[PDB]
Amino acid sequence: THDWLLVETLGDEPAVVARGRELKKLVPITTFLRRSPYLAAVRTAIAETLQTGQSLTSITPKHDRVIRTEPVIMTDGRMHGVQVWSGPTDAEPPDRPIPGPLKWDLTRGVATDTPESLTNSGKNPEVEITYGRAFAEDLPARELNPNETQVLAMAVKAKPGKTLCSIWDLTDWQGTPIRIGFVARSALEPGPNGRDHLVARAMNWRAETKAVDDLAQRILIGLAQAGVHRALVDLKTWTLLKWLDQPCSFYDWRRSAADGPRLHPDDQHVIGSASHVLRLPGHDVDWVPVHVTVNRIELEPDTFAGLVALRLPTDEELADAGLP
């Protein structure tokens, strides 16, 4: 019981998601600490941390114990969780695993990370942008993880209430295999025009090193094609969700994730497979013609996403599209 407990506090009852770095499945603190004499006091420490937004040091003289709490606060000021440690008074707590708050605005189709969430996921914070991120910048390219279907489902057909806890395999920027835990929860939050946004709020952390059978993934990899870049997209909004191959440099998908037109307004009407040439935002010019091939993927019953294959259009293809 000497470890730091990571508690997600966006539900009705605070719920444990990490003991040290080991994942726990959103276990309500009263269940996780059912047989604990410090349960009542722990609940109070967390409750006050939510109130004050402050790191607290609480003492219970009766049991000669101290409770220490660390808020996990997103850069919009929102409390995503609280990290808690208890034990004897003059005892020194263990090194604290750094939790990384992030959020996905599903209405905007845009992610906001933190230096902490980026570092945990093994990216180089000195060279990373925290805001205006495409969802496909937070998900790995090509590699698949447990319950990734539910993440994508969470994103395309937004319904509040849905929560997810998982451990994922990643590779950091130095090439090293790593693992992360995370918790994520979707909810409706008030937006600018009196219209509510659907937003998924999350925390990750670097997990312990512990590291397969996937015929479909081997087949999918075999379908890769030079010059062609596959991705999952939100059909309704053209929000980019995930790269299945490496990202394409044909167009500026990163800048246009949060800023400007996602496609040419004249091609808006254009958006069994379907194929067409679409003008997407350029790096140096306004518009770049890209040949797009689209299939509907069913993630959950009545929940669909777009499988898009992107490549440069031929001179011939440009002509048929009515483009010079």
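Counting begins at 1, following the sequence as shown.
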| item | value |
| --- | --- |
| Missing residues, deposited sequence, between residue 91 and residue 92 (class: none, 1 to 3, 4 to 9, 10 or more) | none |
| Residues with no coordinates between residue 27 and residue 28, taken from the deposited sequence as a class | none |
| Mean temperature factor over C-alpha atoms, higher-scoring stretch between 70 to 78 and 144 to 152 | 70 to 78 |
| Between 154 to 162 and 100 to 108 (mean CA B-factor, as deposited), the higher | 154 to 162 |
| Top Cα B factor in the deposited entry, candidates 222, 181, 191, 122 | 191 |
| Most elevated Cα B-factor in the entry, residues 34, 296, 283, 291 | 34 |
| Chain third (lowest, middle, highest) by recorded CA B-factor, residue given as residue 177 | middle |
| For residue 255, the third of its chain into which the C-alpha B factor falls | lowest |
| Modelled-residue ranking by C-alpha temperature factor, third containing residue 269 | highest |
| Chain thirds of CA B-factor: placement of residue 234 | middle |
| Ranked C-alpha temperature factor of residue 217 among modelled chain residues, by third | lowest |
